[PDB]
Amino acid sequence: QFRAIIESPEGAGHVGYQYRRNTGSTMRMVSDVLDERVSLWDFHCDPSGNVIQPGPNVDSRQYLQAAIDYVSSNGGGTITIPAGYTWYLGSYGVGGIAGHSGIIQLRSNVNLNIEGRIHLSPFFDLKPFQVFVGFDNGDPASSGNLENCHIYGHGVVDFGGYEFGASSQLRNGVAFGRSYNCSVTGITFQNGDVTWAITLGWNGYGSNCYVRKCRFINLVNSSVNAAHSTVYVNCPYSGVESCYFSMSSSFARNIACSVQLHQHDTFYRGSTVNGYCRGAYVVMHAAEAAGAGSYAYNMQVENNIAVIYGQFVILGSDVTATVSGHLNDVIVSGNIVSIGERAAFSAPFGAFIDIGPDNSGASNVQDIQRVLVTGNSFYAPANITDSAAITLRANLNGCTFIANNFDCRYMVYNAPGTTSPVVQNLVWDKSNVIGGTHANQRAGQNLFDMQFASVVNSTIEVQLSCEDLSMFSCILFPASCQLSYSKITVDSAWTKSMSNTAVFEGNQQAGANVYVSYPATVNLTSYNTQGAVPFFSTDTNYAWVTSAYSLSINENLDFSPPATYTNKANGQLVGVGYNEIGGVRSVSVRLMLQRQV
């Protein structure tokens, strides 16, 4: 009788236990203490209750789903995926997750402690899939929420190396769904061709979702893969920290981004990226504005390390028929970024910041402002013509650069005869240090190439830290660019031998509220009078100049040109020098030309 009970599945419920033989402890049964934990092994059995060993020819999916469903029924808990085993998944899930090509359905309060390895079987080759899905409905708009679901451990999700079957397919590791207080910590995602590794939230619905101390390795492998973003953050008060992202595929240099920050109060910090095209998008899509409003604000990209091939941070916002997206209150700081070794134009245009047109190419829908870029480093190798501190390709309502170090081909750039952005409140502080890696490479090129429709309320304070006489100019405005209510200065250091410093092809520096200064060489002639004597410019190009001063020594004994000049209505400069002995003087002098500064 008793032997039978003991050898039965209830035997453990008949063996008494009391913790450490403490007389004041609960008199329990072994089964009670065992019931305090739960593993996959508890559900990984055949219809007769016999345990089944996982392996390449066993599909563990129904067993893991049964575990999650059961623990869900009790109010939650943590299911362990045991170490020292690989658990293969080999069929699709059913019900609500079928619309998402779901394998496993996550449930609220049911955490997974993944210590072993989860692998995809070749059933998934050339097919879409999303491994873990928190939606409970095919239609995300009619889905319930996922709350308090955490995935963590020292384990591994391995996507089996399979290529995409078709570019239109989607593949994901974890889709938390309409996700509140959910996280992934510690896990290695590897060996795939996927669209995302993790997505958080759904069109603004969700909160407090995080990815921390995870690794993402080799998650693009084919030319079929349309696009890849390793973590898409689509709910507020969420972010990514202390993660490692690496790709080795060539295709990843053209298509892969590490992070999308698409809702307010989101962050990307303390991570290391290598082998990717892009670092992060910081974006408000109107099409995603349902759950948390139409503004992306409080967006933070900080203290990351990257080697990328395209753009580090891309800013944007866009509209739909009924919603307009807005982006503001952004900080990009402390990141050290480089474009990896590559040929010029062999990948998307290299940039630290990109102001990106929308997915249909429009550049007149964006509302981006109050962005602070500060205390970052950027480097691109000397050969990479297509490298810029900022590629400013769509309308910009403000962006502030302070105390960065940029060492690349262009500081500000936009391609001519593409978009003509409207620019407001572009602020480039004199504390931005311009590196010299690209010195001597800039023939035909303008360091600050202002290829815009208009610039207003902007500040460009150019300071070189070494010579580059190859460059056509430090800063150039084409005649088509309006310029008003702006400050544009070129410091003289390392400019003495430059023919052109600042160029205003439409003579826009004449505007009533344009404040500029830059070096120029000017020819002057004096009157013949002995004593105090006026010197006048030969050219009549200076009706806009409020004052000028000498940047050249005077090699003469018998006279000196004026130290300082003002102008005359006919556009000459004029100053008062000194003839110790009389005679008409003729000199060529390097001047600092100033207007309202």
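Note that residue numbering begins at 1 and tracks the sequence as displayed.
S.K.: Do the C-alpha atoms of 308 to 316 or of 97 to 105 have the higher average B factor in the entry?
M.R.: Here the higher of the two C-alpha B-factor means belongs to 97 to 105.
S.K.: If you take the mean CA temperature factor per stretch, which one wins between 221 to 229 and 505 to 513?
M.R.: Mean CA B-factor is higher for 221 to 229.
S.K.: By the CA temperature factor listed in this entry, which of these ranks top: 192, 279, 436, 206?
M.R.: By C-alpha B-factor in the record, 192 ranks first.
S.K.: Looking at 533, 545, 563, 29, which has the highest CA B-factor as recorded?
M.R.: In the PDB entry, the greatest C-alpha B-factor among 533, 545, 563, 29 is found at 29.
S.K.: By the record's CA B-factor, is residue 349 among the lowest, middle or highest third of residues in the chain?
M.R.: Answer is middle: the recorded C-alpha B-factor places it there.
S.K.: Split into thirds by Cα B-factor across the chain's modelled residues, where does residue 521 land: lowest, middle or highest?
M.R.: As the PDB entry reports it, the C-alpha B-factor of residue 521 lands in the middle third of its chain.
S.K.: Pull the Cα B-factor of residue 551 out of the PDB entry and bin it into the chain's lowest, middle or highest third.
M.R.: For residue 551, the deposited C-alpha B-factor lands in the lowest third.
S.K.: Which third of the chain does residue 574 land in by C-alpha B-factor: lowest, middle or highest?
M.R.: Lowest third, going by the recorded CA B-factors of the chain.
S.K.: Grab the CA temperature factor for residue 448 from the record and place it in the lowest, middle or highest third of its chain.
M.R.: Its C-alpha B-factor belongs to the lowest third of this chain's values.
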